[PDB]
Amino acid sequence: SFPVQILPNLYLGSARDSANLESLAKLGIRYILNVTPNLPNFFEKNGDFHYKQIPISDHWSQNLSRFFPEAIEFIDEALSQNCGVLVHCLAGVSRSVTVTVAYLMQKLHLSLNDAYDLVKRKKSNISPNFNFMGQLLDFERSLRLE
């Protein structure tokens, strides 16, 4: 299996997907965001390619993880440059799913339902995680404040 395209330039990868830097390059992906439980936050530029790892604790907090903003800035900084972005979850998928849905809500002004549905359309195995769901509804309320 390979990473799915949620939107032009926006890709979502699961733990089992072929994260082959050559496959990625072909698809015209110069950015890569690894979302994974408890890894040190780190980033580096490989000339063309950009790489970043940000933690997303799947703990009960209603807390975003302050990395949602960075994750979005990173995805945004890519999409703006009109080039591929891969949001990858190295363990499972819930975390990268909650990240791209959060992105879709803020930058494409989609509601949770529409955003989540868009992702379910391209990734049917995914299932909701109540904790993350609670955090995204929280996130949407801020956005709603306007």
# chains A, B, ... in the order shown; residues from 1 in each chain; ligands from 1

call {"tool": "closest_atom_pairs", "arguments": {"of": "region 49-77 of chain A", "to": "region 23-45 of chain A", "cutoff": "10 Å", "atoms": "only C-alpha atoms", "output": "tab-separated table"}}
result
residue	atom	partner	partner_atom	distance
A:49	CA	A:30	CA	4.4
A:50	CA	A:45	CA	4.5
A:51	CA	A:32	CA	5.1
A:52	CA	A:43	CA	4.1
A:53	CA	A:34	CA	4.7
A:54	CA	A:41	CA	4.9
A:55	CA	A:38	CA	5.5
A:56	CA	A:37	CA	5.4
A:57	CA	A:37	CA	5.3
A:58	CA	A:37	CA	6.8
A:59	CA	A:37	CA	9.4
A:67	CA	A:41	CA	9.4
A:71	CA	A:33	CA	7.5
A:74	CA	A:33	CA	7.8
A:75	CA	A:33	CA	7.9
A:77	CA	A:31	CA	9.3

call {"tool": "write_last_selection", "arguments": {"atoms": "N, CA, C and O atoms", "output": "compact mmCIF listing (two decimals), in the first residue's frame"}}
result
# COMPACT_ATOMS: atom_id res chain seq x y z
N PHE A 49 14.19 18.26 0.04
CA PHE A 49 13.33 17.70 1.07
C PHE A 49 13.42 18.35 2.44
O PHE A 49 14.49 18.74 2.89
N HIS A 50 12.26 18.47 3.09
CA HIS A 50 12.18 19.02 4.43
C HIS A 50 11.62 17.91 5.31
O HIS A 50 10.76 17.14 4.86
N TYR A 51 12.11 17.80 6.54
CA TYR A 51 11.66 16.75 7.44
C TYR A 51 11.40 17.25 8.85
O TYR A 51 12.19 18.01 9.40
N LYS A 52 10.30 16.80 9.45
CA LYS A 52 9.97 17.20 10.82
C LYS A 52 9.21 16.10 11.56
O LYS A 52 8.42 15.36 10.97
N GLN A 53 9.49 15.97 12.85
CA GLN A 53 8.82 15.00 13.71
C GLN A 53 8.25 15.78 14.86
O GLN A 53 8.96 16.55 15.49
N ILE A 54 6.97 15.60 15.14
CA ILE A 54 6.37 16.28 16.28
C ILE A 54 5.56 15.28 17.07
O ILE A 54 4.90 14.40 16.51
N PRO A 55 5.62 15.38 18.40
CA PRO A 55 4.85 14.44 19.23
C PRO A 55 3.38 14.79 19.31
O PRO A 55 3.00 15.96 19.25
N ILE A 56 2.56 13.76 19.47
CA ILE A 56 1.13 13.95 19.62
C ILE A 56 0.71 12.89 20.63
O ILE A 56 0.35 11.78 20.28
N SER A 57 0.81 13.26 21.90
CA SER A 57 0.48 12.34 22.97
C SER A 57 -0.97 11.88 22.82
O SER A 57 -1.87 12.71 22.67
N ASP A 58 -1.20 10.57 22.81
CA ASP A 58 -2.56 10.08 22.71
C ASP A 58 -3.07 9.89 24.13
O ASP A 58 -3.74 8.90 24.43
N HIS A 59 -2.76 10.84 24.99
CA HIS A 59 -3.21 10.75 26.36
C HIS A 59 -4.52 11.49 26.50
O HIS A 59 -4.85 12.31 25.65
N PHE A 67 1.63 21.20 19.31
CA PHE A 67 2.27 20.88 18.05
C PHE A 67 1.28 20.95 16.90
O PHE A 67 1.67 20.98 15.74
N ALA A 71 2.44 21.71 13.25
CA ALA A 71 2.13 20.72 12.24
C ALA A 71 1.42 21.41 11.10
O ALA A 71 1.71 21.18 9.93
N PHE A 74 3.71 23.75 9.22
CA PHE A 74 4.54 22.93 8.37
C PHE A 74 3.78 22.45 7.12
O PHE A 74 4.30 22.53 6.01
N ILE A 75 2.57 21.95 7.31
CA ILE A 75 1.77 21.48 6.18
C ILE A 75 1.44 22.67 5.30
O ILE A 75 1.51 22.60 4.08
N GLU A 77 3.08 25.62 5.07
CA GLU A 77 4.27 26.11 4.41
C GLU A 77 4.57 25.29 3.17
O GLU A 77 5.18 25.78 2.22

call {"tool": "select_by_dssp", "arguments": {"residues": "chain A", "states": "helix (DSSP H, G or I)", "output": "ChimeraX atom specification"}}
result
/A:21-26,67-80,94-107,112-122,130-145

call {"tool": "atom_distance", "arguments": {"atom1": "CA of residue 65 (chain A)", "atom2": "CA of residue 90 (chain A)"}}
result
17.5 Å

call {"tool": "atom_distance", "arguments": {"atom1": "CA of residue 100 (chain A)", "atom2": "CA of residue 46 (chain A)"}}
result
23.6 Å

call {"tool": "select_by_dssp", "arguments": {"residues": "region 2-131 of chain A", "states": "strand (DSSP E or B)", "output": "PyMOL selection string"}}
result
chain A and resi 4-7+10-13+29-35+42-46+49-54+84-89

call {"tool": "closest_residue", "arguments": {"among": "A:60, A:142, A:117, A:131", "to": "residue 6 (chain A)", "atoms": "only C-alpha atoms"}}
result
A:117

call {"tool": "residues_around", "arguments": {"residues": "residue 109 (chain A)", "least_positions_apart": "4", "cutoff": "12 Å", "atoms": "only C-alpha atoms", "output": "ChimeraX atom specification"}}
result
/A:101-105,113-115,140,143-144,146

call {"tool": "closest_residue", "arguments": {"among": "A:135, A:96, A:63, A:80", "to": "residue 14 (chain A)", "atoms": "only C-alpha atoms"}}
result
A:96

call {"tool": "atom_distance", "arguments": {"atom1": "CA of residue 88 (chain A)", "atom2": "CA of residue 127 (chain A)"}}
result
16.4 Å

call {"tool": "residues_around", "arguments": {"residues": "residue 128 (chain A)", "least_positions_apart": "5", "cutoff": "12 Å", "atoms": "only C-alpha atoms", "output": "list in words"}}
result
residues 93, 94, 95, 97, 98, 101, 112, 113, 116, 117, 119, 120, 123, 133, 134, 135 and 136 of chain A

call {"tool": "closest_residue", "arguments": {"among": "A:62, A:76, A:20, A:5", "to": "residue 106 (chain A)", "atoms": "only C-alpha atoms"}}
result
A:76

call {"tool": "residues_around", "arguments": {"residues": "residue 3 (chain A)", "least_positions_apart": "2", "cutoff": "7 Å", "atoms": "only C-alpha atoms", "output": "PyMOL selection string"}}
result
chain A and resi 5+11-13+17

call {"tool": "decode", "arguments": {"residues": "region 50-93 of chain A", "atoms": "N, CA and C atoms", "output": "short mmCIF file (atom, residue, chain, number, x, y, z; two decimals), in the first residue's frame"}}
result
data_model
loop_
_atom_site.label_atom_id
_atom_site.label_comp_id
_atom_site.auth_asym_id
_atom_site.auth_seq_id
_atom_site.Cartn_x
_atom_site.Cartn_y
_atom_site.Cartn_z
N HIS A 50 12.26 18.47 3.09
CA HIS A 50 12.18 19.02 4.43
C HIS A 50 11.62 17.91 5.31
N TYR A 51 12.11 17.80 6.54
CA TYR A 51 11.66 16.75 7.44
C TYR A 51 11.40 17.25 8.85
N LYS A 52 10.30 16.80 9.45
CA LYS A 52 9.97 17.20 10.82
C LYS A 52 9.21 16.10 11.56
N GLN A 53 9.49 15.97 12.85
CA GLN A 53 8.82 15.00 13.71
C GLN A 53 8.25 15.78 14.86
N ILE A 54 6.97 15.60 15.14
CA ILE A 54 6.37 16.28 16.28
C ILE A 54 5.56 15.28 17.07
N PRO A 55 5.62 15.38 18.40
CA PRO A 55 4.85 14.44 19.23
C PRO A 55 3.38 14.79 19.31
N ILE A 56 2.56 13.76 19.47
CA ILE A 56 1.13 13.95 19.62
C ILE A 56 0.71 12.89 20.63
N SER A 57 0.81 13.26 21.90
CA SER A 57 0.48 12.34 22.97
C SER A 57 -0.97 11.88 22.82
N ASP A 58 -1.20 10.57 22.81
CA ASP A 58 -2.56 10.08 22.71
C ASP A 58 -3.07 9.89 24.13
N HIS A 59 -2.76 10.84 24.99
CA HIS A 59 -3.21 10.75 26.36
C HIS A 59 -4.52 11.49 26.50
N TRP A 60 -5.29 11.20 27.55
CA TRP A 60 -6.57 11.87 27.74
C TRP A 60 -6.71 13.38 27.72
N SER A 61 -5.62 14.15 27.77
CA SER A 61 -5.83 15.63 27.72
C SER A 61 -6.91 16.07 26.69
N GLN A 62 -7.51 17.25 26.88
CA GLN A 62 -8.44 17.79 25.86
C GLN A 62 -7.50 18.74 25.12
N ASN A 63 -6.29 18.73 25.66
CA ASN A 63 -5.19 19.52 25.20
C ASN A 63 -4.86 19.14 23.76
N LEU A 64 -4.57 20.15 22.95
CA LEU A 64 -4.13 19.94 21.57
C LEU A 64 -2.73 19.57 22.05
N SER A 65 -1.71 19.63 21.25
CA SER A 65 -0.45 19.30 21.88
C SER A 65 0.57 20.35 21.53
N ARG A 66 0.06 21.57 21.40
CA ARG A 66 0.84 22.75 21.02
C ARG A 66 1.57 22.47 19.71
N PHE A 67 1.63 21.20 19.31
CA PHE A 67 2.27 20.88 18.05
C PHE A 67 1.28 20.95 16.90
N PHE A 68 -0.02 20.98 17.22
CA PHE A 68 -1.02 21.09 16.16
C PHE A 68 -0.67 22.34 15.35
N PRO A 69 -0.40 23.47 16.04
CA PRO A 69 -0.05 24.71 15.34
C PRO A 69 1.16 24.55 14.42
N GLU A 70 2.22 23.94 14.93
CA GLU A 70 3.43 23.72 14.14
C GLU A 70 3.19 22.77 12.98
N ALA A 71 2.44 21.71 13.25
CA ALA A 71 2.13 20.72 12.24
C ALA A 71 1.42 21.41 11.10
N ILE A 72 0.48 22.27 11.45
CA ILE A 72 -0.28 23.01 10.46
C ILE A 72 0.60 24.01 9.71
N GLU A 73 1.46 24.71 10.45
CA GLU A 73 2.37 25.67 9.83
C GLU A 73 3.22 24.92 8.82
N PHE A 74 3.71 23.75 9.22
CA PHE A 74 4.54 22.93 8.37
C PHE A 74 3.78 22.45 7.12
N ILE A 75 2.57 21.95 7.31
CA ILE A 75 1.77 21.48 6.18
C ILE A 75 1.44 22.67 5.30
N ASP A 76 1.10 23.77 5.95
CA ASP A 76 0.74 24.99 5.25
C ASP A 76 1.92 25.52 4.43
N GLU A 77 3.08 25.62 5.07
CA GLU A 77 4.27 26.11 4.41
C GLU A 77 4.57 25.29 3.17
N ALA A 78 4.16 24.03 3.17
CA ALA A 78 4.40 23.17 2.02
C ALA A 78 3.36 23.49 0.95
N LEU A 79 2.10 23.23 1.26
CA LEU A 79 1.02 23.47 0.32
C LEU A 79 1.09 24.84 -0.35
N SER A 80 1.53 25.85 0.40
CA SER A 80 1.63 27.20 -0.15
C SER A 80 2.68 27.21 -1.25
N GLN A 81 3.76 26.46 -1.06
CA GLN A 81 4.84 26.37 -2.04
C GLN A 81 4.44 25.43 -3.19
N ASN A 82 3.17 25.05 -3.22
CA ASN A 82 2.66 24.15 -4.25
C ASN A 82 3.48 22.86 -4.41
N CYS A 83 3.75 22.18 -3.31
CA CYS A 83 4.49 20.92 -3.37
C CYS A 83 3.97 19.91 -2.35
N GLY A 84 4.09 18.63 -2.70
CA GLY A 84 3.62 17.53 -1.86
C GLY A 84 4.02 17.50 -0.40
N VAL A 85 3.08 17.07 0.44
CA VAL A 85 3.27 16.95 1.88
C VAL A 85 2.76 15.59 2.33
N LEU A 86 3.55 14.89 3.12
CA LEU A 86 3.11 13.60 3.63
C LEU A 86 3.03 13.65 5.14
N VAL A 87 1.82 13.46 5.67
CA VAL A 87 1.62 13.42 7.12
C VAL A 87 1.67 11.92 7.40
N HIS A 88 2.73 11.49 8.08
CA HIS A 88 2.91 10.07 8.35
C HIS A 88 2.78 9.67 9.81
N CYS A 89 2.08 8.58 10.07
CA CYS A 89 1.96 8.08 11.43
C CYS A 89 2.80 6.81 11.40
N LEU A 90 3.85 6.78 12.19
CA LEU A 90 4.73 5.62 12.21
C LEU A 90 4.22 4.43 13.00
N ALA A 91 3.34 4.68 13.96
CA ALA A 91 2.79 3.60 14.77
C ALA A 91 1.46 3.09 14.19
N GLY A 92 0.48 3.98 14.06
CA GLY A 92 -0.81 3.59 13.51
C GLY A 92 -1.32 4.62 12.51
N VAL A 93 -2.44 5.27 12.82
CA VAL A 93 -3.00 6.30 11.94
C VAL A 93 -3.75 7.42 12.65
#
